[PDB]
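For reference, the structure discussed in these notes is given below.
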4 protein chains.
Amino acid sequence: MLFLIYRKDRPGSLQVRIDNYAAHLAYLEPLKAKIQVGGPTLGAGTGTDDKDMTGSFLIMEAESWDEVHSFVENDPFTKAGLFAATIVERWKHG
Amino acid sequence: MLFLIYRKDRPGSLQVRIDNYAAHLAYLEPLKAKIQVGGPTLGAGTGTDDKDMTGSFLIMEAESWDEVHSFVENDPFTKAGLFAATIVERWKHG
Amino acid sequence: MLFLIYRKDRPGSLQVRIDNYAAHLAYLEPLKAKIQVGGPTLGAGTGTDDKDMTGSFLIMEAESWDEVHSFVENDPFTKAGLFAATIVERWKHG
Amino acid sequence: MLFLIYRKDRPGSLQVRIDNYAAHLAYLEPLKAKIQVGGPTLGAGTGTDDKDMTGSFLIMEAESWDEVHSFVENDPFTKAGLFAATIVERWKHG
């Protein structure tokens with residue numbers, strides 16, 4: 001199955017994002033082929049640098065909701081309390 | 001610029017989606033170039049057919065927030081009153 | 001019926017909120033009797049002043065989804081394009 | 001601090017809600033005095049009974065984001081894997 005995974009940072013938790021970004025990126029690495037599209041949501045302005053990140057979006061291939069939840073739970077970002085909003089949706093290409 | 005566009009149907013409004021899906025697809029058609037990813041969110045169970053659709057997701061290229069809002073507003077789905085939730089985010093590939 | 005009405009400002013649009021706050025409050029005034037709970041969402045830190053506003057939340061009584069949706073469309077804040085996210089939910093007290 | 005806590009059930013998990021509702025409510029009971037508003041989101045139609053529930057909304061007083069997140073995590077509904085979406089927002093009465 002495919003899932004949308006949409007997560008928005010707590011307001012001014014930017015530092016938590018920057019401090020944990022490398023670990024989060026390393027966490028995604030072994031899952032690459034299962035991750036079809038992924039990248040950070042961005043804030044005010046037109047900047048696309050690290051300081052403009054406000055959250056994470058991914059489309060994830062997984063065999064169950066249990067798998068997705070467990071993937072979310074063990075994200076370094078999740079363990080560090082970075083997120084204020086998390087939305088997960090079963091999904092398909094159109 | 002890249003934008004996440006997330007919309008969820010009002011609960012109970014599947015038929016509104018069904019009756020208007022063709023018009024919705026026709027509206028998206030000229031924009032194929034600008035749309036990097038597209039598809040519906042899906043509901044309960046494991047089915048991936050039309051009657052499982054519960055919403056719409058796009059990643060789209062646009063020059064402004066104005067352009068994105070205009071695109072959202074002119075969707076046949078919008079005027080049809082289909083959506084109870086709309087989320088737009090500026091976004092980039094990781 | 002009762003509805004949750006949840007709206008988040010577009011990042012960087014604080015100025016649009018300031019410019020339209022008066023008209024927005026004017027718009028809510030006649031409908032004061034239908035609004036059970038109302039207030040702005042807040043951003044980073046612990047401040048609770050105008051400059052801390054990041055969005056709008058309401059619990060409102062309406063006779064139908066059409067009434068709620070129209071109430072949302074006619075908001076000065078809507079017509080000014082302040083919001084990046086809007087979520088409406090049918091709801092009841094516990 | 002006041003927080004909006006918005007949580008939507010995974011599609012088709014109504015029976016998980018029904019089976020655990022009592023344990024969820026007993027969880028909320030000791031914290032009654034910190035909760036200003038609470039009740040479930042409702043789905044399609046106009047029914048307002050148990051089978052209509054689709055999520056949980058709360059406005060709650062807490063001393064920190066970490067307290068809110070710990071509150072949420074220890075909810076019997078959380079541990080049952082009921083929720084697909086969770087949104088938390090710092091907030092104030094207008």
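Letters A, B, ... mark the chains of the structure tokens in the order given; residue numbers begin at 1 per chain; ligand numbers begin at 1, in order shown.
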
Please return, as a PyMOL selection string, all residues of chain D lying within 9 Å of chain B when only C-alpha atoms are considered. chain D and resi 10-13+42-45

Would you save the residues from that selection as a tab-separated table (two decimals), in the first residue's frame, using N, CA and C atoms?
```
chain	number	residue	atom	x	y	z
D	10	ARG	N	-8.52	6.35	12.29
D	10	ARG	CA	-8.23	5.66	11.05
D	10	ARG	C	-9.56	5.23	10.44
D	11	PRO	N	-9.72	5.43	9.13
D	11	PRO	CA	-10.95	4.98	8.46
D	11	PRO	C	-11.25	3.50	8.73
D	12	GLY	N	-12.50	3.20	9.07
D	12	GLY	CA	-12.91	1.83	9.34
D	12	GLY	C	-12.52	1.24	10.69
D	13	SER	N	-11.92	2.05	11.56
D	13	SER	CA	-11.63	1.61	12.93
D	13	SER	C	-12.69	1.98	13.99
D	42	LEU	N	-17.94	14.04	14.38
D	42	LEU	CA	-18.97	13.13	13.90
D	42	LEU	C	-18.90	13.00	12.39
D	43	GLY	N	-19.31	11.85	11.86
D	43	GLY	CA	-19.18	11.59	10.44
D	43	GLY	C	-20.40	11.98	9.62
D	44	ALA	N	-20.66	11.20	8.58
D	44	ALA	CA	-21.76	11.43	7.66
D	44	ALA	C	-23.12	11.44	8.35
D	45	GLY	N	-24.07	12.16	7.75
D	45	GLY	CA	-25.43	12.20	8.24
D	45	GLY	C	-25.63	13.21	9.34
```

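Residues within 7 Å of range 69-81 of chain B, counting only C-alpha atoms and excluding same-chain residues fewer than 6 positions away, are residues 20, 23, 24 and 27 of chain B.
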
Those residues with C-alpha atoms, as a compact mmCIF listing (two decimals), in the first residue's frame please?
```txt
# COMPACT_ATOMS: atom_id res chain seq x y z
CA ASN B 20 -17.91 15.31 -10.71
CA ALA B 23 -14.96 17.18 -14.88
CA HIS B 24 -12.25 17.20 -12.19
CA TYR B 27 -9.67 20.38 -15.38
```

Could you find all residues in chain A that DSSP calls strand (DSSP E) from the backbone, and write them as a ChimeraX atom specification? /A:2-9,35-42,53-61,83-91

Would you mind exporting the chosen residues as a compact mmCIF listing (two decimals), in the first residue's frame, restricted to N, CA and C atoms?
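Below is the file out_13.txt, written as the result:
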```txt
# COMPACT_ATOMS: atom_id res chain seq x y z
N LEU A 2 0.30 2.36 -0.39
CA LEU A 2 1.00 3.64 -0.31
C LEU A 2 0.32 4.50 0.76
N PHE A 3 1.12 5.32 1.45
CA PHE A 3 0.61 6.23 2.47
C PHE A 3 1.21 7.62 2.35
N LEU A 4 0.36 8.63 2.49
CA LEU A 4 0.85 9.98 2.69
C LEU A 4 1.25 10.09 4.14
N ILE A 5 2.40 10.70 4.40
CA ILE A 5 2.80 11.01 5.76
C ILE A 5 3.19 12.48 5.85
N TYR A 6 2.35 13.27 6.52
CA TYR A 6 2.49 14.72 6.58
C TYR A 6 2.70 15.12 8.03
N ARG A 7 3.80 15.82 8.30
CA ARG A 7 4.14 16.19 9.67
C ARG A 7 4.64 17.62 9.73
N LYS A 8 4.10 18.41 10.65
CA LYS A 8 4.50 19.81 10.80
C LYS A 8 5.18 20.02 12.13
N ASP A 9 6.30 20.76 12.10
CA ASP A 9 7.08 21.02 13.30
C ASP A 9 6.31 21.88 14.31
N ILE A 35 10.37 4.75 -0.23
CA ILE A 35 10.03 6.17 -0.20
C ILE A 35 10.05 6.80 -1.60
N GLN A 36 8.88 7.11 -2.13
CA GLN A 36 8.75 7.52 -3.53
C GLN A 36 9.02 9.01 -3.72
N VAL A 37 8.42 9.81 -2.85
CA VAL A 37 8.61 11.24 -2.85
C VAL A 37 8.81 11.61 -1.40
N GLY A 38 9.75 12.51 -1.14
CA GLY A 38 9.99 12.97 0.21
C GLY A 38 10.69 14.31 0.19
N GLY A 39 10.39 15.15 1.18
CA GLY A 39 11.07 16.41 1.35
C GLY A 39 10.36 17.28 2.36
N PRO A 40 11.03 18.37 2.78
CA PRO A 40 10.52 19.25 3.83
C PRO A 40 9.50 20.27 3.32
N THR A 41 8.48 20.57 4.12
CA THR A 41 7.63 21.71 3.83
C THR A 41 8.45 22.94 4.18
N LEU A 42 8.13 24.06 3.55
CA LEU A 42 8.92 25.28 3.69
C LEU A 42 8.06 26.44 4.16
N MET A 53 12.86 25.12 6.72
CA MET A 53 12.07 23.91 6.85
C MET A 53 11.09 24.05 8.00
N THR A 54 9.86 23.57 7.80
CA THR A 54 8.80 23.66 8.82
C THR A 54 8.11 22.33 9.09
N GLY A 55 8.50 21.28 8.37
CA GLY A 55 7.85 19.99 8.53
C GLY A 55 8.33 19.01 7.49
N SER A 56 7.84 17.77 7.54
CA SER A 56 8.28 16.71 6.63
C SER A 56 7.11 16.09 5.88
N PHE A 57 7.27 15.92 4.57
CA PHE A 57 6.31 15.13 3.82
C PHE A 57 6.97 13.95 3.10
N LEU A 58 6.29 12.79 3.12
CA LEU A 58 6.76 11.56 2.48
C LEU A 58 5.57 10.81 1.89
N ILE A 59 5.82 10.11 0.79
CA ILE A 59 4.92 9.07 0.37
C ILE A 59 5.65 7.76 0.58
N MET A 60 5.03 6.87 1.34
CA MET A 60 5.68 5.66 1.79
C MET A 60 4.93 4.42 1.33
N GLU A 61 5.66 3.49 0.74
CA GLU A 61 5.13 2.17 0.47
C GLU A 61 5.28 1.30 1.72
N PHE A 83 7.34 17.26 16.30
CA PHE A 83 6.12 17.52 15.53
C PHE A 83 4.91 17.92 16.35
N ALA A 84 4.12 18.83 15.79
CA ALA A 84 2.87 19.29 16.37
C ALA A 84 1.66 18.64 15.68
N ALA A 85 1.85 18.24 14.42
CA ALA A 85 0.77 17.68 13.62
C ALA A 85 1.31 16.51 12.84
N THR A 86 0.57 15.43 12.81
CA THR A 86 0.92 14.28 12.00
C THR A 86 -0.35 13.78 11.31
N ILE A 87 -0.31 13.66 9.99
CA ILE A 87 -1.45 13.12 9.25
C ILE A 87 -1.01 11.98 8.35
N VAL A 88 -1.66 10.83 8.49
CA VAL A 88 -1.33 9.65 7.69
C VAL A 88 -2.57 9.25 6.92
N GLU A 89 -2.43 9.04 5.61
CA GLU A 89 -3.58 8.66 4.77
C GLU A 89 -3.21 7.54 3.80
N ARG A 90 -4.03 6.51 3.73
CA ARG A 90 -3.88 5.53 2.67
C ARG A 90 -4.12 6.28 1.35
N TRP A 91 -3.41 5.90 0.29
CA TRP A 91 -3.37 6.71 -0.93
C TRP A 91 -2.97 5.84 -2.13
```

As a VMD selection string, please: every residue in range 14-51 of chain A that a backbone DSSP assignment puts in helix (DSSP H, G or I). chain A and resid 14 to 34 50 to 51

Here CA of residue 21 in chain A and CA of residue 34 in chain B stand apart by 29.3 Å

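For residue 62 in chain A, the list of residues within 7 Å, based on only C-alpha atoms and with local chain neighbours fewer than 5 positions off taken out, reads residues 1, 2, 67 and 68 of chain A.
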
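In this model, the gap between CA of residue 51 in chain B and CA of residue 19 in chain B comes to 11.6 Å.
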
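Atom pair CA of residue 14 in chain A / CA of residue 50 in chain A has a distance of 9.2 Å (rounded to one decimal).
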